[PDB]
Amino acid sequence: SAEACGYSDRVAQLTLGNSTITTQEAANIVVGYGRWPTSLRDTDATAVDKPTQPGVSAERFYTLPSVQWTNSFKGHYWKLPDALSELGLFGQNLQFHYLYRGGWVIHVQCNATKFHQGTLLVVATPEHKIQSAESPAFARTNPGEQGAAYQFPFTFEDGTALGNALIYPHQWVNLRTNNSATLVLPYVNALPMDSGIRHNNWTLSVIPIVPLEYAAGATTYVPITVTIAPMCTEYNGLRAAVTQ
Amino acid sequence: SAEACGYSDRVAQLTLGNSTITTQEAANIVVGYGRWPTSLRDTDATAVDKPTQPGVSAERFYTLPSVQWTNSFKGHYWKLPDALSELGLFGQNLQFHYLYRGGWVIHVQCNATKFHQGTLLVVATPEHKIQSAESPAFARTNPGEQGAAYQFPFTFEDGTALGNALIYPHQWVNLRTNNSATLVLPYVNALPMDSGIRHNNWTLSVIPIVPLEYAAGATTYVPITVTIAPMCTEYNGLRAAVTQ
Amino acid sequence: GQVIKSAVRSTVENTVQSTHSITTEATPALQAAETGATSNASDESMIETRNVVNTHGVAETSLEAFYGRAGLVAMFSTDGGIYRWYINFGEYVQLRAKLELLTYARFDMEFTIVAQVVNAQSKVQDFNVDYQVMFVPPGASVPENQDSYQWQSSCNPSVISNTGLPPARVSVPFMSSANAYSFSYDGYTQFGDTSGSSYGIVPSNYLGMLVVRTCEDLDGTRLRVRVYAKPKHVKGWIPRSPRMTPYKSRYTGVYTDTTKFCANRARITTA
Amino acid sequence: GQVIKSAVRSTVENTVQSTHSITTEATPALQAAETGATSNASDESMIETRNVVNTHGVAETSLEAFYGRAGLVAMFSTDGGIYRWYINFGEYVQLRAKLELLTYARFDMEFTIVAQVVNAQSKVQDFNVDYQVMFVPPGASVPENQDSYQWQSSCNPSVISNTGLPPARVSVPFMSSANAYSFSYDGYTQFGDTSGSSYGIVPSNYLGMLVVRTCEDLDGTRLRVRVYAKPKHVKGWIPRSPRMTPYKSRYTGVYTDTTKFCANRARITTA
Amino acid sequence: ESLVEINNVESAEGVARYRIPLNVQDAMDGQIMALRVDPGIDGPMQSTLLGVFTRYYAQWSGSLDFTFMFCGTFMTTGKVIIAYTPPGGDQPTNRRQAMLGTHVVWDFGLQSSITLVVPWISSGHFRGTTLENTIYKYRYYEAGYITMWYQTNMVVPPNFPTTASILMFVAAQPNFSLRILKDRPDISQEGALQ
Amino acid sequence: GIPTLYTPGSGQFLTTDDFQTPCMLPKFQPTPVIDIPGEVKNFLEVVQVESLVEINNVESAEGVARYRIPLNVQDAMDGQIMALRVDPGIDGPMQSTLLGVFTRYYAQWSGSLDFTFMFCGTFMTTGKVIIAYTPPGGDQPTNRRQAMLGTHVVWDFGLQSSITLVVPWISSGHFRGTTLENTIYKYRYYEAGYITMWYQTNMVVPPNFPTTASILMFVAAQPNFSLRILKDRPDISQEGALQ
Amino acid sequence: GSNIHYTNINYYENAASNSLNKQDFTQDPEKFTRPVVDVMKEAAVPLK
Amino acid sequence: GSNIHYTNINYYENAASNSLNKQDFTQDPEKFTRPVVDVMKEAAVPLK
Ligand SMILES: CCCCCCCCCCCCCCCCCC(=O)O
Ligand SMILES: CCCCCCCCCCCCCCCCCC(=O)O
Ligand SMILES: N[C@@H](CCC(=O)N[C@@H](CS)C(=O)NCC(=O)O)C(=O)O
Ligand SMILES: N[C@@H](CCC(=O)N[C@@H](CS)C(=O)NCC(=O)O)C(=O)O
Ligand SMILES: [Cl-]
Ligand SMILES: [Cl-]
Ligand SMILES: [Cl-]
Ligand SMILES: [Cl-]
Ligand SMILES: [K+]
Ligand SMILES: [K+]
Ligand SMILES: [K+]
Ligand SMILES: [K+]
Ligand SMILES: [K+]
Ligand SMILES: [K+]
Ligand SMILES: [K+]
Ligand SMILES: [K+]
C-alpha cells in the first residue's frame with residue numbers, strides 16, 4: 001500500500017465535473033499552504049446578495065493552447081483568472097458578475113523520453129507582478145489563454161531571485177523523474193472576494209532551469225501543456241457581461 | 001385580511017434573484033395546471049451526469065423589448081426558452097448544455113387609464129405550433145427576444161379556435177380592471193429534459209380581443225411589456241456553446 | 001409619553017438569507033412617503049440575500065466620537081500687551097458647522113491654549129514669556145490695561161503659563177443657565193425690542209470672555225494666541241438640517257441665496 | 001480545509017542521541033525535490049548524534065520582533081512654511097524592503113516625528129518653534145497655505161508640538177478598507193483603464209496625507225521634518241521572495257535587469 | 001430619507017432641481033435618469049443628509065435605500081424600472097442591459113412610492129467616500145450606477161398634463177456605518193467672520 | 001501632585017522602545033480578520049524552506065545558468081565537482097537564497113543546515129558522487145581522500161533524484177557571527193567550514209547521449225536553527241530619494 | 001478595536017475633568033425614521 | 001531573557017495604543033516546507 005509504507009504513488013487521477021486527468025509519472029500533489037479551496041464564511045462575507053455557485057458547469061478542467069519548449073525557451077506564464085476569463089461557463093460567470101472567489105487545480109504536462117534531460121520549475125505565485133518595465137504593457141500583465149513568454153526569468157519578472165520562487169507553492173518536472181506537476185490552490189486575497197477582470201490572484205509559471213537536451217536524433221519538438229480547473233467558486237453582483 | 005374574507009388582493013410582489021416586480025392592479029396569480037416548478041426526480045431522470053443548477057444567476061426576471069398596442073394590432077407571441085436564449089446567464093447555460101429543464105414566472109404589463117377600454121388575452125400555450133404556412137419560416141417559429149406579430153389570431157396560428165385557448169393557463173388584462181397578468185408555469189414535456197435550442201415548450205401570446213379605444217384626446221401610445229423569469233432550472237450535457 | 005422605543009445596538013444589523021417570493025400578500029417594495037415615514041423595505045425583502053454576520057461597529061459616529069476632538073475657536077494677537085476675546089464659536093466655521101447639526105446639547109469642554117511671540121512683521125520669535133488668561137464672567141470688571149488691578153484675579157479663574165511650556169489646558173463644566181446649550185434660537189434677546197440685531201441669539205450661550213496679557217511688557221513684540229475647544233460628555237437633542245451655504249457673519253446665520261448646491265452636469269440621463 | 005497543522009514552539013528542536021544504521025528499509029537521505037517538498041532528513045538520521053537539550057529561543061525572528069521597531073518613512077523641509085506628504089512607504093528602501101517580505105499583513109503603527117529648524121544653507125538652528133502635523137484623509141480639503149482655514153482641524157486629527165519638546169508620537173490602528181494591507185498587487189487601480197501607470201498599486205493602501213506647517217511664520221528659515229513608523233501587533237500571510245535588485249521608483253517595483261546577484265569567483269571548485 | 005438634488009442641470013434652478021421629469025412617450029424603452037450611487041462624491045447626493053455625514057468621513061459601508069414618489073395626477077398611470085448596476089463597466093446604455101442587474105419594476109397606483117434597495121455589494125468591507133483619482137486612484141472604489149427607464153409609458157386622459165414629476169429620496173440602511181472622521185469639504189472661509 | 005524624579009533617557013527616541021501611546025483614532029473599529037491561507041508567525045518558518053544556491057558564480061555563467069553545477073563524463077578518477085564555504089550569511093552563492101537573505105538581516109546564527117541536491121540528467125545517465133562537510137581548522141580539502149575524512153554522504157543517481165547532506169551544527173560556541181569580515185572585527189574566527197563534491201565513480205551515459213548534465217543545489221535551515229540581533233540587510237541601499 | 005482591559009480611575013473632583021465617555025452605542029432610529037401613530041408593517045401596503 | 005514578572009496594564013481606550021505583543025512563538029513550517037497531499041515518511045523513499 002502507498003499510504004502504508006509511507007510514500008507517494010507515481011500515478012494519479014484528477015476528476016472534476018465531466019473531466020478526468022491521468023498521469024503515470026507524477027511526483028505527489030501539492031496543496032498550496034496546506035489549504036484546500038473553501039467557501040466564504042458568513043463571518044468573513046460582506047456582499048449581501050445570495051451568491052451564484054455554478055458547480056460542475058465551471059468547476060472542471062480547461063486545457064489551454066500548448067507551448068513549445070524551444071532551444072531559446074525562457075519560460076511561460078499565465079494569470080488566473082485571466083487565462084480562463086473567456087472559456088466555458090467559468091468565463092461567462094466571471095464576466096457577468098462584479099465579484100468572484102475560487103480555488104484551482106493546476107496540472108502541467110510535459111513528456112519526453114528516457115533519452116532527454118531537462119528541468120522545469122512549475123510555480124503558482126500569489127500577486128505576481130510583471131514589473132520589469134517602467135510602464136507594463138497590458139498584453140503582458142493579462143496575456144489571456146495564450147499566456148506570455150518570460151523575458152526576465154532570472155529576476156522572476158519582478159526584481160526578486162528566481163531561485164527563491166520556491167517559497168511559493170511549486171513542483172518540478174524533471175524529465176528523468178516525472179512528466180507532470182499538479183498543484184491545488186486555495187483562494188488568496190486580502191479581501192473575501194474581488195473582481196475577476198481587474199485583479200489576478202495567482203500566476204502560473206513554467207520555467208526551464210535546466211535546458212532541454214537529448215541523445216542526437218531524438219524528437220526535438222516537445223510541447224508543454226497546461227490544464228486548469230476552477231474549484232469551489234462563487235460569484236456576487238450580477239449584471240450584464242463585462243470584460244477588462 | 002385577504003385570505004380571511006376569501007378574496008385575492010389586487011397588489012402583488014414577485015421577487016426572484018436580484019429582481020423584484022410589483023403591480024397594484026393584478027387579478028390573482030395563475031399556477032399552470034396547479035403545479036409549481038419542480039426539480040427532476042431520480043426515478044424520472046435518464047441523463048447520468050450531475051446537473052448544473054445556476055440558481056439566482058439564471059432564475060430572475062428578464063424584461064424583453066416592449067410592443068406597441070397599435071390600431072391594427074393583432075397580437076404578439078414569444079417562444080420559451082427561445083426568447084431568452086441569448087439573455088444573461090440563463091442564455092449562456094442554455095447554449096453551453098445539450099439538455100435543459102425549467103419552469104417560468106411570466107408577468108405581462110399594460111397600463112392605460114380609466115379613460116381607455118380594451119382587453120388582452122394573456123395565454124401560455126404548451127407546444128404551440130405556428131402552422132398557418134405550408135413551410136413555416138424560422139423567423140416566425142423562433143422569433144427571439146423581439147417576439148413575432150400574430151397574423152392569424154382568430155385561428156390561433158394553429159387551426160384551432162382562439163376562443164378555446166382558455167383551456168391553457170391564462171389571464172386577461174381588461175383595462176378597466178387590471179394592468180398586469182402573472183402566470184407561474186411548470187416544466188411540461190413528454191421527456192424529463194430536452195434541448196433548449198431545438199424545442200420550445202411554451203409560447204406566450206398576448207392577443208387583443210377587444211380593441212383599444214379611449215376618450216378623444218387621451219394618450220394613444222400604449223406599450224405592452226413582458227417580463228419573464230426562468231424558475232427551478234437545471235442543465236445536463238455540457239460542451240461548447242451552441243445556438244440553433 | 002414616548003410611543004416609540006429606542007433600543008441600543010453596538011454593531012450594525014446582520015443580513016439573513018432569504019429566498020424568492022411570489023405572492024399577492026406581502027409587498028415590501030410598495031411605500032408611501034406622504035406619511036412622513038422613511039421606507040421600511042429591508043434588503044432581504046427586495047432581493048435574495050445570503051447570511052452575513054456583520055460585526056461592523058457604530059462607535060465612530062456616536063456624538064462623543066463625532067464631537068470629542070479639539071477645534072480652533074479663537075486666534076488673535078495682543079495689542080498693548082492685552083486682548084479681550086468674547087467667548088463664542090462663530091468666528092471659525094469648522095467647529096461652528098458641527099455644533100449646528102444639533103438643536104440642543106449639553107457638554108463639558110476642554111480648552112487648550114497655544115501661544116507664541118511674534119514681531120511687528122508677524123515673524124515668530126524663539127522667546128519664552130509668561131502669559132495670563134483670565135476668565136471674566138458677565139458683570140465682572142474687564143481690565144483696560146496690561147497692568148490693571150483686575151489681573152489680581154482673586155475670584156475670576158486665571159491660568160498663568162509660559163510660551164516655553166506645553167500648551168495650557170483646563171476643563172469647564174456645562175455652564176449654561178439653561179438645561180442645554182441651544183444652537184438654533186427662533187426668538188429675541190429681550191422683551192420690548194424687535195430689532196433684527198437682537199434676533200436669533202440666545203444670551204445664555206454667552207458665558208463671558210477671556211482676557212489675555214503677558215505678565216510683563218514685551219519690547220516691540222506681541223503675543224500670538226490660539227484657543228482650541230473640545231466638547232466632552234456630549235448629550236444632544238433634535239438633529240438639524242446641515243448648513244448648506246457659506247457663513248458670512250460671526251453672530252448671525254445670514255447667507256447669500258443660491259439656485260443650486262451641487263454643480264451641474266450635461267443631462268439627467270448621464271451619470 | 002487545512003490539512004496541515006501548525007503547532008507552536010518556544011524553543012528550537014533538541015538533538016537526540018542516535019546510533020549506526022545498516023539497512024535496506026530506512027533511507028532518510030534519499031529525496032525527491034520534484035514533489036515541491038523540502039527534504040525531511042534529520043541530523044539524527046544522517047550521522048550519529050549526541051543528546052543536546054537545546055534551549056535556544058525563537059523570539060527575535062517572530063513577526064513582532066522583526067517588524068517592531070521604527071524606521072524612516074518621510075524626510076522633508078517646508079517651503080513657504082508648509083509641506084504636503086502623501087502617506088506611502090516607498091521613498092526609503094529599508095522599511096520598504098522589509099514589508100515586501102509578506103504579501104498581506106495587518107498591523108497598527110506608531111508614528112514618531114522629529115523636527116528641527118534649518119536655514120537656507122541647510123545649517124541646523126537652535127530655535128524652538130511650534131509646528132502642526134495634520135492628517136488629511138482622502139476627500140478632505142488640503143490646505144494651500146500656511147494660514148489656510150483647514151488648519152482649524154476641527155475634524156481632521158492634528159498634533160501640535162514644538163522643536164524644543166521631545167519628538168511627537170501617536171499610534172494609528174489598522175485602517176485599510178481591506179482585511180489586510182497588501183504589499184504585492186497584480187491588478188489595476190480601476191475599471192476601464194489598462195495603462196501601465198495604474199498597474200501594481202492597490203489604492204486601499206493609501207490612507208491620505210500629512211500636511212505640516214509652523215504655526216507662525218519663520219524668518220528666513222525652514223522646518224526640517226523626519227517621520228518614523230513602527231509596525232505593532234503584526235499579523236502576516238504568504239511570505240514572498242525577497243527583493244534582489246535595487247529600487248528605482250517610489251510607486252512601482254520597476255528594476256534594472258541583471259545577470260548575477262552575487263559576485264563571481266575564479267572557479268566553482270575553489271571556495 | 002432626504003431629497004436628492006437629482007435634476008442638476010443648467011435649466012433647473014432651486015426647487016426644480018429635486019424633480020425627475022417624466023412625460024408621455026412616443027417611443028419605447030426610453031431612459032429617465034442615471035446616477036452614480038456613491039454617497040460621498042460631488043453631485044446630486046452631496047447636499048443630502050446621507051451625503052453630508054458621509055462627507056464627514058473617509059470610509060463607508062452598507063446598503064442604501066432609494067425611494068421614489070410619483071407626483072402626477074390620480075388618473076396618470078405608468079410603469080418604470082429602476083436598476084442598480086454593480087461596478088465593472090460604464091452605466092448601462094439601454095433598458096435591456098440595465099435590466100440584467102438588481103432592479104425593481106414600479107407600478108404607479110394608490111401606493112405612490114417604491115423603494116429600490118442598493119444592496120451592499122463590494123469586494124471589501126468598506127469603500128472610500130471619495131473617488132478622487134489623480135492622487136489616490138480612489139476610482140477603485142466606484143460603487144456602480146442607478147438608472148431608471150420607462151417599463152411601459154406614462155399615460156394620461158384627454159387634456160391632462162403630459163409631463164409629471166418623481167421625487168427621489170435616499171437614506172442609509174440598518175447595516176450602514178462610517179469610519180475615520182474628516183473635515184467636510186463644503187465648509188470653508190476666506191477670512192475671520194465678523 | 002505625586003513627587004517624581006525623571007531620569008536619564010527621558011525624552012529620548014529609542015527606535016526599539018516599546019511604550020503605550022495615545023491613538024490618533026481612539027474609537028476606530030478595524031475590519032474583521034478573515035480567513036487567509038498561509039499565515040506566518042515567525043520567519044524561522046521561511047528559512048526552513050529550500051531555495052536554490054547561486055553556486056556556479058563564475059564569469060562564463062549568466063542568469064539562470066548560475067544555478068547549475070556542471071557534471072560531465074570523466075576520463076580520470078576521483079575528480080572534484082564543486083566547493084563552497086557553508087557560512088549562510090557571507091557574500092557569495094548563499095547571499096541570494098532565502099536562508100541567506102534572512103541570515104543577512106541578523107548578526108548571529110546557530111543550527112544545522114540542509115543542503116539538498118537534485119540530479120537533472122537523462123534517465124539513462126548514471127553516477128555516484130560524494131558530498132562532504134569539512135569542519136573548520138584548515139583550508140578546504142585538496143583531494144577526495146582528505147574530504148572523505150569529514151562528514152559526508154555518498155549519492156547514487158537513480159529513481160529518487162535527490163540527496164540531502166546535513167551540515168550538522170558543530171561549533172565551539174552556541175552561536176556564530178553571520179559575517180566573516182576580518183580587517184576590523186577579526187570575525188574569520190567564526191568560519192564554519194566547507195562543503196565539497198567529488199566524483200565517487202563517474203558519470204556514465206549510453207551512445208550519443210549528452211556527456212554533460214546538471215545538478216541543482218538547494219539549502220535550508222534545520223529545525224534547530226535560530227538567529228539573533230536584527231541588523232539592516234547590506235544589500236538594500238539607495239543613493240537618493242525615490243520618485 | 002477597543003480594549004477589554006481599560007483602567008478608569010478619576011483623579012479630579014468634578015466630572016467635567018473626566019475623560020471622554022466610552023459607550024458609543026446607537027439606538028433604534030424610529031423616533032426619526034418612522035414617527036407615525038399607526039404601525040405600518042413592511043409586508044402590507046402603507047395606506048388602505 | 002524575558003521577565004516572568006512583567007506588568008501589563010493598558011492605559012488607553014484603543015488596542016492600537018497597546019505595546020508590542022509578547023508571544024513570539026514559531027509554528028510547524030509544514031504548510032510551507034511540505035505542502036503535499038500524500039505523507040512521505042523520512043524513512044521511506046519519496047516516490048514509488
Ligand atoms: C481660566 C482658564 C480659561 C479657560 C477658558 C474657560 C472658558 C469658559 C467658558 C465656557 C463656555 C462654553 C460655552 C459654549 C457654547 C457657546 C455656543 C455659541 O457660540 O453660541
Ligand atoms: C495627527 C498625527 C499624525 C500621525 C500620522 C498618522 C498617519 C495615518 C496613516 C496610517 C496609514 C498607514 C498605512 C500603511 C500602509 C502603506 C503601505 C504602502 O506604502 O504601500
Ligand atoms: N498703575 C500702577 C502700576 C501698575 C500696578 O502696580 N498695578 C497693581 C495695582 S493697581 C495691580 O493690581 N497689578 C496686577 C498685576 O499686574 O498682576 C501705578 O500706580 O504705577
Ligand atoms: N487669510 C486671512 C489670514 C489668515 C487667517 O486668519 N486664517 C484663519 C481664517 S481663514 C484660519 O482659519 N486660520 C487657521 C490657523 O491659522 O490656525 C486674512 O484674511 O488676512
Ligand atoms: Cl469625488
Ligand atoms: Cl467622480
Ligand atoms: Cl563576509
Ligand atoms: Cl569571507
Ligand atoms: K449548485
Ligand atoms: K446553486
Ligand atoms: K450584528
Ligand atoms: K410596504
Ligand atoms: K430605509
Ligand atoms: K527544545
Ligand atoms: K526519505
Ligand atoms: K530540511
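A note on names: the letters A, B, ... follow the listed sequences, proteins ahead of strands, and every chain is numbered from 1. As the structure lists them, so they are numbered: ligands from 1, and atoms in each ligand from 1. What's counted below: heavy atoms across the whole structure, side chains too, no hydrogens, waters or symmetry copies.
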Plane angle bin for [Y] and [X] - parallel if under 30°, tilted between 30 and 60°, otherwise perpendicular:
X      : Y      : answer
C:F66  : E:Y56  : perpendicular
D:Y185 : A:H199 : tilted
D:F111 : D:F89  : tilted

- Results of side chain to side chain donor-acceptor pair (under 3.5 Å) for D:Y255 - residues two or more places apart only: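 Counting only residues at least two positions away or on another chain, D:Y255 forms a side chain to side chain donor-acceptor pair (under 3.5 Å) with A:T155.
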- Item | Partners passing side chain to side chain donor-acceptor pair (under 3.5 Å) against D:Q152 (at least two apart in sequence or in another chain) |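 With sequence neighbours excluded, D:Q152 shows a side chain to side chain donor-acceptor pair (under 3.5 Å) to E:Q189, given in chain and number order.
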For ligand 2, what N or O to protein N or O distances fall under 3.5 Å?
| residue | atom | partner | partner atom | Å |
| --- | --- | --- | --- | --- |
| ligand 2 | 19 (O) | D:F89 | N | 2.9 |
| ligand 2 | 20 (O) | D:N205 | ND2 | 3.3 |

- Item | Contact check: H:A44 to the K ion (ligand 15), N/O/S below 3.4 Å |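 Checking the K ion (ligand 15) against H:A44, an N, O or S atom does fall under 3.4 Å.
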- Query: Is the distance from the K ion (ligand 15) to the nearest N/O/S atom of H:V45 under 3.4 Å?
  - Reply: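 False for H:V45.
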- Query: Just one of D:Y206, D:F107, D:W237 clears the ring pair (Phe, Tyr, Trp, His ring centres under 6.0 Å) bar with D:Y181, so which one?
  - Reply: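 Checked D:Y206, D:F107, D:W237 against D:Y181; only one passes ring pair (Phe, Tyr, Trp, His ring centres under 6.0 Å): D:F107.
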- Report the angle formed at the K ion (ligand 15) by atom O of D:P28 and atom O of H:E42, rounding to the nearest 10°.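 O of D:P28 and O of H:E42 make an angle of 80° at the K ion (ligand 15), to the nearest 10°.
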- Results of side-chain contact (heavy atoms from CB on, under 4.5 Å) for E:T130 - residues two or more places apart only: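 Applying side-chain contact (heavy atoms from CB on, under 4.5 Å) to E:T130 gives D:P138, E:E132, E:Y138.
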